């Protein structure tokens, strides 16, 4: 595989159409899904030349741990849909690559089993009608050694997934929510989580500048600037279009991650040049899992690491910090 796009072709060959559509699809007309890609394609980097590249490093420190790349595996529900080893296959590959893996509230293997794989696991939280269940998940995650709580704030309820409605998609009987209904979360919910854990709380799905600022004021350790991969509000701005403004507004008060459409090391470099601390990658990780299980995810992460290192050095950056100081230009 020489690009992330070779894996999409392979995943489409193997998965049942309705599962491929659950993975690929977005809400509504899929305008936000498409715009995630368009928005990245319009960003060009202004590389620097003739800098010292004797020891290029792609590592970052985030949430108190060193990561091998400025990237983590995004939360994706129900990974046994894609391969029988599901979350364990992905978590193992992420561990071996030194990349954080986000364990989902809707994981198809229990969070404690996935955490036992090792590595840098984070835990993604959905707020539930029964509040106590959400807070018990947080405590379970912490007890299992998760290192951050990624609170998803953009799903008061699931968006309108027309592919899924047209297909009549439902989980097969062999895939369940192994940790066991959505309730709208509020800033009060954020505070209840912050009070119940010593782990950094990361709010995922922030797009308004004033929500980024309020996240810092609320004691968040990070945010993920994100439109949920075009799966929630159809017509929501891409995160990459808000990122620069958000990074300026928080002025270092929390980590600022971005996601949506990251498909190469070059895209990682764009995100960092716009100011991101790190990116999340969702669909491509699942393409690799579908295509070739743990080995497939390993191969994807190896390719991404090579592309990140290549892009960084070609742009004159010996570190991710230097990459954040790059300028960009919008084009056609």
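If you superpose the two forms and keep the largest set of C-alpha atoms that fall within 1.5 Å, you have the rigid core. Positions refer to the first chain, counted from 1.
- Displacement analysis by core superposition in 7 other deposited structures of this protein ranks 126-134 above the other of 126-134 and 87-95 in root-mean-square C-alpha distance from the shown form.
- Per-stretch RMS Cα distance to the displayed form in 7 other deposited structures of this protein, following rigid core alignment, is highest for 182-190 when 182-190 and 220-228 are compared.
- The stretch of deposited sequence separating residue 180 from residue 181 contains 10 or more residues lacking coordinates in this entry.
- When the mean C-alpha temperature factors of 286-294 and 29-37 are read from the deposited coordinates, 286-294 comes out higher.
- A summary of the deposited B-factors shows that, of 262-270 and 47-55, the stretch with the larger mean C-alpha value is 47-55.
- In this entry, the residue among 98, 229, 235, 184 with the greatest C-alpha B factor is 184.
- For the set 207, 144, 90, 106, the PDB entry assigns the largest Cα B-factor to 144.
- Among the modelled residues of its chain, residue 118 has a C-alpha B-factor that falls in the highest third according to the deposited record.
- Residue 217: CA B factor lies in the middle third for its chain, per the PDB record.
- Among all modelled residues in this chain, the alpha-carbon of residue 314 has a temperature factor (C-alpha) in the lowest third.
- For residue 170, the recorded CA B-factor ranks within the highest third of the chain. Only modelled residues enter the ranking.
- In the PDB entry, residue 102 places in the lowest third of its chain by CA B-factor.
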